[PDB]
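Take a look at the structure below.
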Amino acid sequence: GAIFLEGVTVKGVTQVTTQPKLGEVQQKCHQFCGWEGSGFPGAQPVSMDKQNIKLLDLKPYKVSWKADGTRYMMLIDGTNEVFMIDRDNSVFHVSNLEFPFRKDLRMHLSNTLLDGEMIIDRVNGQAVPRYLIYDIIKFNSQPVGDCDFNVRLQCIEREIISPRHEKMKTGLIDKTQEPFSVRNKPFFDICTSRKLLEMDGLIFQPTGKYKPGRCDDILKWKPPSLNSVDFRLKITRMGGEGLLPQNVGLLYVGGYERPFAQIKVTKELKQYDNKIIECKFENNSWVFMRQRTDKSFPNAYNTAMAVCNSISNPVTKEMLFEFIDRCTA
Amino acid sequence: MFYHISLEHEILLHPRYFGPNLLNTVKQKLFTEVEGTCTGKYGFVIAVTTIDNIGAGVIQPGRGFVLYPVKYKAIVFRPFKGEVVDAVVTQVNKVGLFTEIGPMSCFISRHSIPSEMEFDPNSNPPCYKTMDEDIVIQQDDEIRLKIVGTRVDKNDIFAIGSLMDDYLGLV
Amino acid sequence: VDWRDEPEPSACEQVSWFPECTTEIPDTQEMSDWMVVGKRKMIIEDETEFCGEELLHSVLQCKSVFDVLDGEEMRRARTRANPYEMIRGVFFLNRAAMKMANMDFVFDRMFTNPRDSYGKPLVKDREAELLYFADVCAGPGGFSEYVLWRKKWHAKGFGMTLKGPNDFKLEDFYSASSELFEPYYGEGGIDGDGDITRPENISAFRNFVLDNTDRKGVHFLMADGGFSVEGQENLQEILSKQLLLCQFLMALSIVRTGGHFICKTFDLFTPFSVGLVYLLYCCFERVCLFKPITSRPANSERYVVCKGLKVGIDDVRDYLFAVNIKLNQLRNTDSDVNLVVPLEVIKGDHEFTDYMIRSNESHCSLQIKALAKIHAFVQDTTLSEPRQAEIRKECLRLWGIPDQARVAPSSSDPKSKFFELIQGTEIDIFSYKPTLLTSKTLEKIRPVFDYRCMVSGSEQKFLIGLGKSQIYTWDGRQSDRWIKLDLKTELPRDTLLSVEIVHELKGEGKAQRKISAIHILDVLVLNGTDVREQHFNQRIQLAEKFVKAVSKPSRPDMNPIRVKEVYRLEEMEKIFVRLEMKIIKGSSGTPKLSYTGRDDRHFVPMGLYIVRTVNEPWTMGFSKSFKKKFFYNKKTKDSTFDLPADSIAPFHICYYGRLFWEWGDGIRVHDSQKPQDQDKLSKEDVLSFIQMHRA
């Protein structure tokens with residue numbers, strides 16, 4: 001899926017289709033996560049519902065602001081050795097991004113695995129790509145993922161940042177040469193989310209060891225407004241013995257054999273046939289907000305459903321707020 | 001000839017498609033069903049001018065749908081044997097001549113085209129022309145043809161015209 | 001034969017040239033007795049005049065050792081024994097394209113970037129000039145694909161090859177825009193046989209090539225002629241002699257002064273073949289005999305390479321034309337042309353002769369080692385060239401050839417390809433309607449010198465070329481679909497144009513014949529070269545060359561592509577002189593307003609587009625003291641007589657800022673039109689306004 005980050009092209013980043021190199025990069029991630037199945041090892045968060053939000057009271061939590069971004073695990077193996085992994089398992093080599101070892105600045109990091117997002121940013125009216133490091137799985141083969149989220153959070157600071165800063169102070173690293181900015185997402189204790197609220201939602205992160213796979217205790221909250229599902233749009237005349245063969249816009253989701261829903265087909269909706277259509281929910285209806293040129297297939301069925309489970313039994317912008325404030329007492 | 005007649009056609013309405021406004025559904029159903037059609041007795045059904053009369057709805061016994069006999073003023077067209085009609089040339093062939101009259105394809109064979117109008121592929125449009133190069137029948141021209149006979153196939157008519165008699169060819 | 005004493009295989013190739021020919025070019029009186037007709041000799045063993053007898057017999061013996069061998073066994077041993085075999089065609093249609101890639105590197109890019117005698121490039125990609133080339137005996141045009149791919153559309157190719165299984169496979173040009181190439185098969189043009197040996201094919205092609213090159217000829221000719229000599233491989237020179245002559249005669253017929261030539265040859269032992277090389281050495285500033293590493297080491301295949309065609313080569317061309325007529329008369333007789341230059345003339349040039357012998361003997365010595373190496377690799381099947389993959393990678397790096405597979409283009413849909421070609425430019429720019437020119441909008445054409453105008457004959461559309469007949473149009477509205485163009489025409493991939501469709505009526509009334517033609521109004525992308533930011537006339541200069549590049553004059557069954565005639569707005573008076581009242585087929589005998597083009601064709605005009613070519617804050621004035629136009633910056637108050645780079649109106653400003661003066665009923669633009677509507681601008685109103693605002 002060779003689009004690396006959508007909205008910009010970035011210097012040096014390149015999909016890796018070389019057969020020997022790719023099988024390696026992927027293999028080593030599964031390895032580092034202690035991961036079972038096929039595909040992406042990365043921890044997968046779940047959407048907050050009225051049942052989940054009870055966990056914010058069961059153990060300690062940290063919270064940060066989600067921005068829509070793209071999910072990339074960054075594998076730092078060596079000197080030009082840096083790679084990036086997709087939700088898809090797509091692998092990309094990054095070129096002039098260099099990570100100094102904190103003890104010896106001449107050395108480089110190896111056997112390190114990072115978790116984070118690629119986000120585009122705005123200052124000058126032009127796009128500045130950024131990699132935000134929100135977790136760390138391995139360091140020097142050291143299994144820092146089994147450590148505690150504050151431990152891991154600190155590690156990322158002194159092991160992956162301070163060093164890249166020192167070498168920038170000296171001009172061994174001209175920030176300018178590197179394909180993108182590199183930063184750690186700051187996280188806050190549970191009690192501080194009230195002061196905070198392209199930032200599309202919240203992330204609620206537990207204090208325990210890193211786990212790959214579906215994580216029922218890592219909660220992504222989105223305001224019910226922004227809830228959206230991607231269907232493939234199929235409109236067909238529908239009057240076989242029916243008097244009016246009015247063409248009807250049907251919406252399709254991945255994994256489901258028959259139609260998921262219906263949209264009322266607008267005069268404008270039609271040219272989007274066969275192409276992914278992005279829909280919101282409002283009136284007990286679906287609505288067309290935009291077109292996506294980045295996928296030839298819809299969301300997973302169980303994804304669409306967990307969208308619905310979210311919209312009908314929602315966690316409200318206000319519901320979340322009372323829950324936090326009470327516990328802040 | 002472009003005709004303004006009255007025609008009768010029966011519409012079948014299932015009770016799912018009644019609605020609060022019932023008669024507009026029948027009007028939209030008639031504008032859907034018979035517009036753009038072609039029948040052997042009434043020709044190219046171009047459009048429905050004005051839906052004049054809506055009959056009484058006979059509930060068919062055992063069936064659910066109601067049946068409406070409908071009279072309607074309609075614009076139609078019929079091709080005729082021997083009628084001299086204006087036309088747009090779409091293709092000149094060594095075998096014949098593809099022209100159009102409205103939506104109708106009309107095929108004029110060269111064997112019923114006189115010996116003056118020879119075929120030329122060597123011109124950059126392949127065309128019909130004389131050795132005097134005076135009458136040049138090529139693509140996208142305005143011509144006139146005499147319709148000899150019509151053949152209806154798959155609920156649509158095509159025709160065959162000719163240029164043998166006087167004053168036929170280019171306008 | 002010890003073949004193990006060969007130098008280590010390398011991507012570094014050496015070129016030895018002939019000396020510079022110090023003799024004058026032979027005239028018709030000097031050459032008057034040079035053509036010796038003798039008995040037809042089919043013996044190569046005694047052709048020792050330009051190679052030592054022991055080497056000639058040794059290479060002939062080493063060839064004939066394979067006559068008893070299975071061809072698939074030979075081919076497999078050869079594939080292991082040749083250090084260069086892994087190069088193949090890479091992404092091109094065949095391995096011949098890679099020979100041209102190799103030789104165009106070795107010869108300082110002289111084919112793809114030809115130079116004058118002062119070392120300046122003869123073609124600049126930003127100027128209105130095209131790289132004209134020819135490719136003869138060249139089916140399926142692998143050599144052409146590399147040149148077209150290397151220069152994109154900034155080139156125009158002309159082809160002649162025999163009709164048959166080895167015709168031009170233009171469909172198979174996956175890496176190049178085949179629309180930039182024009183096959184021509186001699187007499188009858190597209191319907192000819194393509195026989196290079198036949199003179200009439202040469203003559204019709206010759207007139208056609210000179211016409212399609214402003215009567216100058218091509219910058220270079222390539223020639224890759226050869227045919228099967230299966231079971232007579234030792235006689236390949238003698239059998240191909242007339243094809244060699246006709247390719248050399250073609251160079252002197254269509255290459256321009258200072259132009260270049262490259263021709264495949266085989267062995268060069270016969271005085272006939274050496275006399276043909278001597279005539280090229282007389283006719284060019286520099287000649288060499290070269291075997292590229294992309295040629296197989298054990299075959300007689302080499303290239304003659306000629307640089308800088310001299311002035312005054314006409315007598316040698318017309319002599320070789322007479323020799324070809326004589327060879328054609330002697331076909332199937334016991335007589336043949338055995339000399340084209342006397343042996344005493346050739347051997348009188350000791351510097352030419354010493355190079356010719358040394359070139360032949362060096363080639364024989366290398367070919368003998370390479371034949372003995374293949375024989376050893378047939379006898380021992382464990383032998384292999386270990387460096388083939390290393391040498392391949394280095395050759396591709398050196399020649400600037402990307403290491404990628406041959407992929408059929410990808411089929412893009414016209415909407416996705418339009419978004420790729422616009423590179424994130426806002427789509428709404430393509431939806432802008434022209435401002436109507438009316439008495440209320442007439443002031444917008446001030447200052448007059450900032451504007452150009454052109455006569456329209458249909459509504460404006462966008463046109464995208466995806467290669468060959470995959471041409472689509474779009475009417476600029478986001479709701480509208482790309483429609484496939486129902487015209488017999490061809491365009492290179494990665495082409496994005498602003499066009500109209502114009503039917504060109506020929507004659508009048510019943511005899512009138514109208515043919516629709518593509519009329520280019522402006523250009524955005526030409527075969528993957530973006531031109532949108534260039535000045536309107538400068539963009540049009542690139543556009544005008546493109547129409548010739550995609551032209552097909554041997555194919556009168558194809559729909560023509562044209563560029564609109566662009567007028568200066570202060571010269572709009574010249575448009576009305578070309579307006580005539582003509583009797584159109586189907587107008588009931590009523591004359592219609594018709595605009596007559598550069599040829600004997602006319603169309604019914606719909607109106608006149610007025611396009612701004614100068615960007616704000618700049619504008620063009622006329623200096624009465626200097627009698628020259630100048631650019632004035634309204635913000636800084638600066639004035640200059642040179643074109644400011646920021647004064648250039650790019651495509652989006654030209655398109656957005658355009659006016660349209662419609663020519664419907666009630667508008668007087670020709671003196672035979674009555675009545676005039678008083679609310680509508682006449683020719684006289686617009687010309688009066690223009691005259692008041694020229695000063």
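Scheme for the structure tokens: letters A, B, ... for chains in order shown; per-chain residue numbers from 1; ligand numbers from 1 in order shown.
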
Quiz prompt | Neighbours of chain A in chain B at 10 Å, counting only C-alpha atoms, as a list in words | solution =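 Going by the stated atoms only, the list reads residues 11, 12, 13, 14, 15, 16, 17, 18, 25, 26, 28, 29, 30, 32, 33 and 65 of chain B.
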
Long-range neighbours of range 31-35 of chain A as JSON, numbers by chain, 7 Å cut-off, only C-alpha atoms, 2 positions minimum in chain:
{"A": [27, 28, 29, 37, 41, 137, 138, 212]}

Gap from CA of residue 117 in chain B to CA of residue 79 in chain B - Å, one decimal:
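Computed distance, CA of residue 117 in chain B to CA of residue 79 in chain B, equals 24.9 Å.
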
Which residues come within 10 Å of residue 121 in chain B, counting only C-alpha atoms, excluding same-chain residues fewer than 4 positions away, as a list in words? residues 92, 93, 94, 125, 126, 127 and 128 of chain B; 556 and 557 of chain C

Write out, as a compact mmCIF listing (two decimals), in the first residue's frame, the residues just selected, with N, CA, C and O atoms.
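So out28.txt came out as:
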```
# COMPACT_ATOMS: atom_id res chain seq x y z
N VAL B 92 -20.01 6.66 -43.91
CA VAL B 92 -20.02 6.30 -45.32
C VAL B 92 -19.19 5.04 -45.48
O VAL B 92 -18.03 4.99 -45.05
N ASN B 93 -19.79 4.02 -46.08
CA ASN B 93 -19.17 2.71 -46.22
C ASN B 93 -19.12 2.35 -47.70
O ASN B 93 -19.84 2.92 -48.52
N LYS B 94 -18.23 1.41 -48.04
CA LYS B 94 -18.21 0.90 -49.40
C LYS B 94 -19.41 0.01 -49.70
O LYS B 94 -19.77 -0.16 -50.87
N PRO B 125 -11.76 11.89 -44.72
CA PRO B 125 -12.98 11.14 -44.42
C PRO B 125 -13.38 10.29 -45.61
O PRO B 125 -13.44 10.80 -46.74
N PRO B 126 -13.63 9.00 -45.42
CA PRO B 126 -14.22 8.19 -46.50
C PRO B 126 -15.63 8.68 -46.80
O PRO B 126 -16.46 8.79 -45.90
N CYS B 127 -15.89 8.97 -48.07
CA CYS B 127 -17.08 9.73 -48.43
C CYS B 127 -17.70 9.21 -49.72
O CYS B 127 -17.16 8.31 -50.39
N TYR B 128 -18.87 9.76 -50.03
CA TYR B 128 -19.54 9.60 -51.32
C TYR B 128 -19.37 10.89 -52.12
O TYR B 128 -19.72 11.97 -51.63
N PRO C 556 -3.76 8.91 -43.92
CA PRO C 556 -4.86 9.82 -44.22
C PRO C 556 -6.23 9.35 -43.67
O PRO C 556 -7.21 10.09 -43.77
N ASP C 557 -6.31 8.14 -43.12
CA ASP C 557 -7.47 7.62 -42.40
C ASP C 557 -7.56 8.11 -40.94
O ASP C 557 -8.61 7.91 -40.31
```

For chain A against chain C, with a cut-off of 9 Å and counting only C-alpha atoms, what is the closest atom pair and its distance in Å to one decimal for every residue that makes the cut, ordered by chain and number, as a Markdown table?
```
| residue | atom | partner | partner_atom | distance |
| --- | --- | --- | --- | --- |
| A:268 | CA | C:479 | CA | 7.1 |
| A:271 | CA | C:479 | CA | 7.2 |
| A:293 | CA | C:416 | CA | 9.0 |
```

**Message:** Based on only C-alpha atoms, which of the residues in chain C come within 8 Å of chain B? I want them as a PyMOL selection string.
**Reply:** chain C and resi 508-515+556-559+585-589

Gap from CA of residue 360 in chain C to CA of residue 16 in chain C - Å, one decimal: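 Straight-line distance from CA of residue 360 in chain C to CA of residue 16 in chain C works out to 12.6 Å.
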
Env of range 73-79 of chain A: 7 Å cut, atoms = only C-alpha atoms, seq-sep filter 5 positions within chain, self excluded. Answer as a ChimeraX atom specification. /A:84-85,108-116

Could you write those residues out with C-alpha atoms, as a PDB file, in the first residue's frame?
```
ATOM      1  CA  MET A  84       8.440   1.609   9.630  1.00  0.00           C
ATOM      2  CA  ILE A  85       5.478  -0.789   9.811  1.00  0.00           C
ATOM      3  CA  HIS A 108      23.815   3.796  17.015  1.00  0.00           C
ATOM      4  CA  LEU A 109      20.781   1.987  18.400  1.00  0.00           C
ATOM      5  CA  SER A 110      20.029  -1.592  17.422  1.00  0.00           C
ATOM      6  CA  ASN A 111      17.293  -4.050  18.400  1.00  0.00           C
ATOM      7  CA  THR A 112      14.878  -1.285  19.362  1.00  0.00           C
ATOM      8  CA  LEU A 113      11.155  -1.221  18.517  1.00  0.00           C
ATOM      9  CA  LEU A 114       8.968   1.889  18.842  1.00  0.00           C
ATOM     10  CA  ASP A 115       5.176   2.477  18.609  1.00  0.00           C
ATOM     11  CA  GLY A 116       3.636   5.681  17.337  1.00  0.00           C
TER      12      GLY A 116
END
```

Residues within 12 Å of residue 146 in chain B, only C-alpha atoms, excluding chain neighbours under 4 positions, as a PDB file with N, CA, C and O atoms, in the first residue's frame:
```
ATOM      1  N   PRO B  79     -41.540   5.797 -39.176  1.00  0.00           N
ATOM      2  CA  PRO B  79     -40.999   5.825 -40.538  1.00  0.00           C
ATOM      3  C   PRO B  79     -41.937   5.157 -41.534  1.00  0.00           C
ATOM      4  O   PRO B  79     -42.634   4.190 -41.223  1.00  0.00           O
ATOM      5  N   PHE B  80     -41.942   5.694 -42.754  1.00  0.00           N
ATOM      6  CA  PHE B  80     -42.901   5.306 -43.777  1.00  0.00           C
ATOM      7  C   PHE B  80     -42.221   4.983 -45.098  1.00  0.00           C
ATOM      8  O   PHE B  80     -41.178   5.547 -45.439  1.00  0.00           O
ATOM      9  N   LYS B  81     -42.852   4.084 -45.854  1.00  0.00           N
ATOM     10  CA  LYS B  81     -42.371   3.689 -47.176  1.00  0.00           C
ATOM     11  C   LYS B  81     -42.594   4.826 -48.166  1.00  0.00           C
ATOM     12  O   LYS B  81     -43.738   5.190 -48.463  1.00  0.00           O
ATOM     13  N   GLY B  82     -41.504   5.391 -48.681  1.00  0.00           N
ATOM     14  CA  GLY B  82     -41.569   6.416 -49.700  1.00  0.00           C
ATOM     15  C   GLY B  82     -41.519   7.843 -49.200  1.00  0.00           C
ATOM     16  O   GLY B  82     -41.624   8.766 -50.018  1.00  0.00           O
ATOM     17  N   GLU B  83     -41.367   8.056 -47.894  1.00  0.00           N
ATOM     18  CA  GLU B  83     -41.345   9.403 -47.337  1.00  0.00           C
ATOM     19  C   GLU B  83     -39.939   9.982 -47.413  1.00  0.00           C
ATOM     20  O   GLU B  83     -38.981   9.372 -46.930  1.00  0.00           O
ATOM     21  N   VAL B  84     -39.817  11.159 -48.021  1.00  0.00           N
ATOM     22  CA  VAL B  84     -38.529  11.831 -48.168  1.00  0.00           C
ATOM     23  C   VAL B  84     -38.241  12.580 -46.874  1.00  0.00           C
ATOM     24  O   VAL B  84     -38.993  13.480 -46.490  1.00  0.00           O
ATOM     25  N   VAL B  85     -37.171  12.186 -46.185  1.00  0.00           N
ATOM     26  CA  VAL B  85     -36.877  12.677 -44.844  1.00  0.00           C
ATOM     27  C   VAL B  85     -35.452  13.223 -44.822  1.00  0.00           C
ATOM     28  O   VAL B  85     -34.551  12.661 -45.458  1.00  0.00           O
ATOM     29  N   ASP B  86     -35.262  14.339 -44.116  1.00  0.00           N
ATOM     30  CA  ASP B  86     -33.940  14.872 -43.819  1.00  0.00           C
ATOM     31  C   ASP B  86     -33.192  13.937 -42.872  1.00  0.00           C
ATOM     32  O   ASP B  86     -33.801  13.223 -42.074  1.00  0.00           O
ATOM     33  N   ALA B  87     -31.859  13.946 -42.950  1.00  0.00           N
ATOM     34  CA  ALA B  87     -31.064  13.024 -42.139  1.00  0.00           C
ATOM     35  C   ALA B  87     -29.638  13.527 -41.946  1.00  0.00           C
ATOM     36  O   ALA B  87     -29.129  14.351 -42.713  1.00  0.00           O
ATOM     37  N   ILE B 101     -32.115   9.268 -38.500  1.00  0.00           N
ATOM     38  CA  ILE B 101     -33.325  10.079 -38.450  1.00  0.00           C
ATOM     39  C   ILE B 101     -33.831   9.980 -37.015  1.00  0.00           C
ATOM     40  O   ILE B 101     -34.458   8.983 -36.632  1.00  0.00           O
ATOM     41  N   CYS B 106     -30.546   4.404 -40.305  1.00  0.00           N
ATOM     42  CA  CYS B 106     -31.039   4.143 -41.649  1.00  0.00           C
ATOM     43  C   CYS B 106     -29.868   3.725 -42.522  1.00  0.00           C
ATOM     44  O   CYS B 106     -28.833   4.399 -42.547  1.00  0.00           O
ATOM     45  N   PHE B 107     -30.026   2.613 -43.224  1.00  0.00           N
ATOM     46  CA  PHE B 107     -28.951   2.029 -44.013  1.00  0.00           C
ATOM     47  C   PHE B 107     -29.308   2.104 -45.488  1.00  0.00           C
ATOM     48  O   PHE B 107     -30.233   1.427 -45.948  1.00  0.00           O
ATOM     49  N   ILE B 108     -28.559   2.910 -46.231  1.00  0.00           N
ATOM     50  CA  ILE B 108     -28.776   3.101 -47.660  1.00  0.00           C
ATOM     51  C   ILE B 108     -27.681   2.340 -48.393  1.00  0.00           C
ATOM     52  O   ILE B 108     -26.516   2.749 -48.374  1.00  0.00           O
ATOM     53  N   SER B 112     -28.548   0.653 -54.412  1.00  0.00           N
ATOM     54  CA  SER B 112     -29.615   1.609 -54.678  1.00  0.00           C
ATOM     55  C   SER B 112     -29.136   3.052 -54.562  1.00  0.00           C
ATOM     56  O   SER B 112     -29.931   3.943 -54.249  1.00  0.00           O
ATOM     57  N   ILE B 113     -27.852   3.287 -54.776  1.00  0.00           N
ATOM     58  CA  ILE B 113     -27.285   4.624 -54.928  1.00  0.00           C
ATOM     59  C   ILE B 113     -26.765   4.735 -56.355  1.00  0.00           C
ATOM     60  O   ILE B 113     -26.100   3.804 -56.827  1.00  0.00           O
ATOM     61  N   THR B 150     -38.719  -0.504 -43.900  1.00  0.00           N
ATOM     62  CA  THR B 150     -38.269  -0.497 -42.515  1.00  0.00           C
ATOM     63  C   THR B 150     -38.278  -1.914 -41.971  1.00  0.00           C
ATOM     64  O   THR B 150     -39.138  -2.724 -42.334  1.00  0.00           O
ATOM     65  N   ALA B 159     -34.306   1.343 -40.629  1.00  0.00           N
ATOM     66  CA  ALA B 159     -34.908   1.539 -41.938  1.00  0.00           C
ATOM     67  C   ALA B 159     -33.854   1.434 -43.029  1.00  0.00           C
ATOM     68  O   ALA B 159     -32.649   1.398 -42.768  1.00  0.00           O
ATOM     69  N   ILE B 160     -34.333   1.379 -44.269  1.00  0.00           N
ATOM     70  CA  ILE B 160     -33.493   1.428 -45.460  1.00  0.00           C
ATOM     71  C   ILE B 160     -34.029   2.526 -46.365  1.00  0.00           C
ATOM     72  O   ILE B 160     -35.219   2.541 -46.691  1.00  0.00           O
ATOM     73  N   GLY B 161     -33.155   3.459 -46.750  1.00  0.00           N
ATOM     74  CA  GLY B 161     -33.501   4.520 -47.666  1.00  0.00           C
ATOM     75  C   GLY B 161     -32.766   4.373 -48.990  1.00  0.00           C
ATOM     76  O   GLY B 161     -32.003   3.429 -49.208  1.00  0.00           O
ATOM     77  N   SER B 162     -33.028   5.329 -49.879  1.00  0.00           N
ATOM     78  CA  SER B 162     -32.442   5.308 -51.210  1.00  0.00           C
ATOM     79  C   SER B 162     -32.343   6.727 -51.752  1.00  0.00           C
ATOM     80  O   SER B 162     -32.934   7.676 -51.214  1.00  0.00           O
ATOM     81  N   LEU B 163     -31.574   6.844 -52.847  1.00  0.00           N
ATOM     82  CA  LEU B 163     -31.246   8.096 -53.523  1.00  0.00           C
ATOM     83  C   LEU B 163     -31.479   8.013 -55.028  1.00  0.00           C
ATOM     84  O   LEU B 163     -30.910   8.815 -55.775  1.00  0.00           O
ATOM     85  N   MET B 164     -32.287   7.054 -55.494  1.00  0.00           N
ATOM     86  CA  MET B 164     -32.352   6.777 -56.928  1.00  0.00           C
ATOM     87  C   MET B 164     -33.146   7.840 -57.680  1.00  0.00           C
ATOM     88  O   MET B 164     -32.741   8.264 -58.769  1.00  0.00           O
ATOM     89  N   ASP B 165     -34.267   8.290 -57.119  1.00  0.00           N
ATOM     90  CA  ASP B 165     -35.123   9.245 -57.804  1.00  0.00           C
ATOM     91  C   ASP B 165     -34.523  10.652 -57.746  1.00  0.00           C
ATOM     92  O   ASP B 165     -33.408  10.868 -57.261  1.00  0.00           O
ATOM     93  N   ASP B 166     -35.279  11.623 -58.252  1.00  0.00           N
ATOM     94  CA  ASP B 166     -34.756  12.971 -58.425  1.00  0.00           C
ATOM     95  C   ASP B 166     -34.646  13.704 -57.091  1.00  0.00           C
ATOM     96  O   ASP B 166     -35.346  13.400 -56.118  1.00  0.00           O
ATOM     97  N   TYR B 167     -33.711  14.666 -57.064  1.00  0.00           N
ATOM     98  CA  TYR B 167     -33.551  15.669 -56.003  1.00  0.00           C
ATOM     99  C   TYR B 167     -33.169  15.041 -54.664  1.00  0.00           C
ATOM    100  O   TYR B 167     -33.507  15.562 -53.599  1.00  0.00           O
ATOM    101  N   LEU B 168     -32.446  13.929 -54.717  1.00  0.00           N
ATOM    102  CA  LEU B 168     -32.013  13.210 -53.531  1.00  0.00           C
ATOM    103  C   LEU B 168     -30.497  13.287 -53.415  1.00  0.00           C
ATOM    104  O   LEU B 168     -29.777  13.253 -54.418  1.00  0.00           O
ATOM    105  N   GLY B 169     -30.013  13.378 -52.175  1.00  0.00           N
ATOM    106  CA  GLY B 169     -28.602  13.585 -51.902  1.00  0.00           C
ATOM    107  C   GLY B 169     -28.406  14.745 -50.923  1.00  0.00           C
ATOM    108  O   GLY B 169     -29.129  14.893 -49.970  1.00  0.00           O
TER     109      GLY B 169
END
```

**Request:** Write down as a ChimeraX atom specification the residues belonging to range 20-136 of chain A that are assigned strand (DSSP E) by DSSP computed on the backbone.
**Result:** /A:43-47,61-66,70-76,83-85,91-93,112-122,127-136

Q.
Which residues are near range 272-282 of chain A? Cut-off 12 Å, only C-alpha atoms, ignore same chain within fewer than 2 positions. Put them as a ChimeraX atom specification.
A. /A:224-236,248-254,261-270,284-299,304,307-308,310-312 /C:415-416,478-481

* Asked: Where in range 199-242 of chain C does DSSP assign alpha helix (DSSP H), given as an MDAnalysis selection string?
  -> chainID C and resid 199:211 236:242

What would the file look like if the residues just selected were written as a tab-separated table (two decimals), in the first residue's frame with N, CA and C atoms?
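And here's out-v2.tsv as it stands now:
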```tsv
chain	number	residue	atom	x	y	z
C	199	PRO	N	14.69	1.36	-54.45
C	199	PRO	CA	14.87	2.81	-54.52
C	199	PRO	C	13.61	3.65	-54.28
C	200	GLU	N	12.45	3.21	-54.79
C	200	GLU	CA	11.21	4.01	-54.67
C	200	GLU	C	10.83	4.18	-53.19
C	201	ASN	N	11.00	3.12	-52.40
C	201	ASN	CA	10.73	3.26	-50.95
C	201	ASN	C	11.69	4.30	-50.37
C	202	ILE	N	12.95	4.25	-50.80
C	202	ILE	CA	13.95	5.25	-50.33
C	202	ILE	C	13.48	6.64	-50.77
C	203	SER	N	13.07	6.78	-52.03
C	203	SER	CA	12.72	8.13	-52.54
C	203	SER	C	11.50	8.72	-51.82
C	204	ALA	N	10.43	7.93	-51.68
C	204	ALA	CA	9.21	8.49	-51.07
C	204	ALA	C	9.52	8.83	-49.62
C	205	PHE	N	10.23	7.92	-48.95
C	205	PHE	CA	10.61	8.17	-47.54
C	205	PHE	C	11.50	9.40	-47.52
C	206	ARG	N	12.40	9.53	-48.50
C	206	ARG	CA	13.37	10.65	-48.48
C	206	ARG	C	12.60	11.97	-48.55
C	207	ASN	N	11.64	12.07	-49.48
C	207	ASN	CA	10.90	13.34	-49.63
C	207	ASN	C	10.12	13.57	-48.34
C	208	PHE	N	9.51	12.50	-47.82
C	208	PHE	CA	8.67	12.63	-46.61
C	208	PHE	C	9.52	13.10	-45.44
C	209	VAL	N	10.70	12.51	-45.26
C	209	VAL	CA	11.54	12.87	-44.07
C	209	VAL	C	11.98	14.33	-44.18
C	210	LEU	N	12.40	14.76	-45.37
C	210	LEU	CA	12.92	16.14	-45.52
C	210	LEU	C	11.77	17.11	-45.22
C	211	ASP	N	10.57	16.79	-45.71
C	211	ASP	CA	9.39	17.66	-45.48
C	211	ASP	C	9.11	17.74	-43.98
C	236	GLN	N	27.60	-13.92	-44.61
C	236	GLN	CA	26.69	-12.86	-44.14
C	236	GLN	C	27.02	-11.47	-44.70
C	237	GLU	N	28.31	-11.12	-44.81
C	237	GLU	CA	28.76	-9.86	-45.41
C	237	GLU	C	28.31	-9.75	-46.88
C	238	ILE	N	28.67	-10.75	-47.71
C	238	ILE	CA	28.36	-10.78	-49.14
C	238	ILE	C	26.85	-10.76	-49.38
C	239	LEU	N	26.09	-11.55	-48.61
C	239	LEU	CA	24.63	-11.61	-48.72
C	239	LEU	C	23.97	-10.26	-48.35
C	240	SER	N	24.48	-9.57	-47.33
C	240	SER	CA	23.91	-8.30	-46.84
C	240	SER	C	24.45	-7.04	-47.52
C	241	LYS	N	25.38	-7.16	-48.48
C	241	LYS	CA	26.07	-6.03	-49.14
C	241	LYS	C	25.14	-4.93	-49.68
C	242	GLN	N	24.02	-5.29	-50.33
C	242	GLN	CA	23.08	-4.30	-50.86
C	242	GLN	C	22.32	-3.58	-49.73
```

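The two atoms in question, CA of residue 212 in chain C and CA of residue 563 in chain C, are spaced 16.4 Å apart.
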
**Item:** Contacts of range 368-380 of chain C within 9 Å, only C-alpha atoms, excl. fewer than 5 positions in-chain, as an NGL selection string
**Value:** :C and (1-6 or 55 or 58-60 or 62-63 or 65-66 or 73-74 or 76-82 or 297-299 or 363)
